Every structure is written in C-alpha cells, then in structure tokens.
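In the form deposited in one PDB entry, a lone chain appears below as structure tokens.
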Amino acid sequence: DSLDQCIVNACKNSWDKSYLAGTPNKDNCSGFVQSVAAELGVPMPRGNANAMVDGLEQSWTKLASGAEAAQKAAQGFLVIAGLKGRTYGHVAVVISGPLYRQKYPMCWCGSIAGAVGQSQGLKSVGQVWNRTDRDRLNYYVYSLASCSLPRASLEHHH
C-alpha cells in the first residue's frame, strides 16, 4: 500500500457510516469528516461545518495552498479543506492525487446538498465548491501523521 493508504481507507470506510445517527455521512459533510477523524484517531472540533472550521482555525496548522495540502496528504496526514458559509459551511478531506487546473486537490466529502457536494475521491475541491469559493478555501493539517509504516513483510525495490 501507499504511505497514505490509511487516509483513503478511512474515507472509504466513513462513506456509509452515520456519525450523526440516522443521517448517512454521504449526506452530511461534518459527519463524514468526523468519522474519518475518528477512524484515524485525530481529535476534531465538534459541531456543524461552520463550528468545525472555527475550531480548526483556532487550533490547526494552516497550509498555504491546495498543492501543499495534497503533498501533506500524500505523507499520511489528515488534511481538511474548509470554508464557512453564511448559512452552512462545507468541509472535505483532501487526498493525494493530480491537481485539477494545476491548483485544486482531490477530495472526499459528503453533503446534505446531495451529489453536487459529494465526492468519493473523484472530484477535486475545485469542482465541489463554487467557482466563487474554490480560491478562498482554507486547508488545515493535523500535527502528526495518521498512517503507520508499511507492513514489514512488504517486498519493494531499493
């Protein structure tokens, strides 16, 4: 497995869970991120997307760009893209992968909005968020990598 496989694994595993009991994570951006963090053992601010962004802004390291965000995810860190909204905010997990338009990283996220706000790693943050918002995203990274060493039994090239 890749060094960052635990991030994608936690995303896949969180999709059909219901962090808010009764509401599938695919239909709840905050719940999706909470379930990913819980699987990885990363403490996370509580509440709706806006409250979570408030908490991340107060306590997490912020990255300078979506490119940096993908780079940190590739090293096995949990990286959250977030933006507050006047009514509802949105949060997503950034994963390694090619940058859309040379700028916007791939992501996983659920959304009460439905399919337009959902990504199972196949949309970038620049496709999920509005054109008026995608250049205003905040990227937060946890202080320690969540993934472990590869299995000791792994045979690989030198």
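By rigid core we mean the largest C-alpha set that fits within 1.5 Å across both forms. Position 1 is the first residue in the sequence shown; the rest follow in order.
S.K.: Out of 99-107 and 113-121, which one drifts farther from the shown form in 7 other deposited structures of this protein in terms of CA positions, with the fit done on the rigid core?
M.R.: After superposing on the rigid core, the more displaced stretch in 7 other deposited structures of this protein is 113-121.
S.K.: Do the Cα atoms of 139-147 or those of 8-16 sit farther, on average, from the shown form in 7 other deposited structures of this protein after fitting on the core?
M.R.: Looking at 8-16 and 139-147 in 7 other deposited structures of this protein, the bigger mover is 139-147.
S.K.: Using only the Cα atoms and their B-factors as the entry lists them, report which of 113-121 and 54-62 averages higher.
M.R.: It is 54-62 that shows the higher mean C-alpha B-factor.
S.K.: Mind pulling up the entry and telling me whether 27-35 or 128-136 has the higher mean Cα temperature factor?
M.R.: Taking the mean B-factor of the alpha carbons in each, 128-136 is higher.
S.K.: Pull the Cα B-factor of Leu40 out of the PDB entry and bin it into the chain's lowest, middle or highest third.
M.R.: Tercile = lowest for this residue's CA B-factor.
S.K.: Looking at the temperature factor on the CA atom of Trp108, which third of the chain's modelled residues does it land in?
M.R.: Its C-alpha B-factor belongs to the lowest third of this chain's values.
S.K.: Could you place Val93 in the lowest, middle or highest third of its chain by Cα temperature factor, using the values in the record?
M.R.: As the PDB entry reports it, the C-alpha B-factor of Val93 lands in the lowest third of its chain.
Quick note: we don't show the form solved in complex with a partner chain, though the next part is all about it.
S.K.: According to a 4.5 angstroms non-hydrogen atom cut-off, is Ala115 in contact with its partner chain in the bound PDB entry?
M.R.: Close contact exists here: in the bound PDB entry, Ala115 approaches its partner chain to within 4.5 Å, heavy atoms only.
S.K.: Taking heavy atoms only, is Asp27 within 4.5 angstroms of its partner chain in the bound PDB entry?
M.R.: Result yes; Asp27 sits at the interface with its partner chain in the bound PDB entry.
S.K.: Do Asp133 and its partner chain come within 4.5 Å of each other in the bound PDB entry, heavy atoms counted?
M.R.: Looking in the bound PDB entry, residue contacts with its partner chain include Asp133, since a heavy atom lies within 4.5 Å.
S.K.: Indicate whether its partner chain has at least one heavy atom within 4.5 Å of a heavy atom of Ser111 in the bound PDB entry.
M.R.: The answer is yes: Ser111 has a heavy atom within 4.5 Å of its partner chain.
S.K.: Please tell me which of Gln127, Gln120, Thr61, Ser65 lies within 4.5 Å of its partner chain in the bound PDB entry, judged by heavy atoms.
M.R.: Looking at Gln127, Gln120, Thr61, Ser65 one by one, just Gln127 meets the 4.5 Å heavy-atom criterion.
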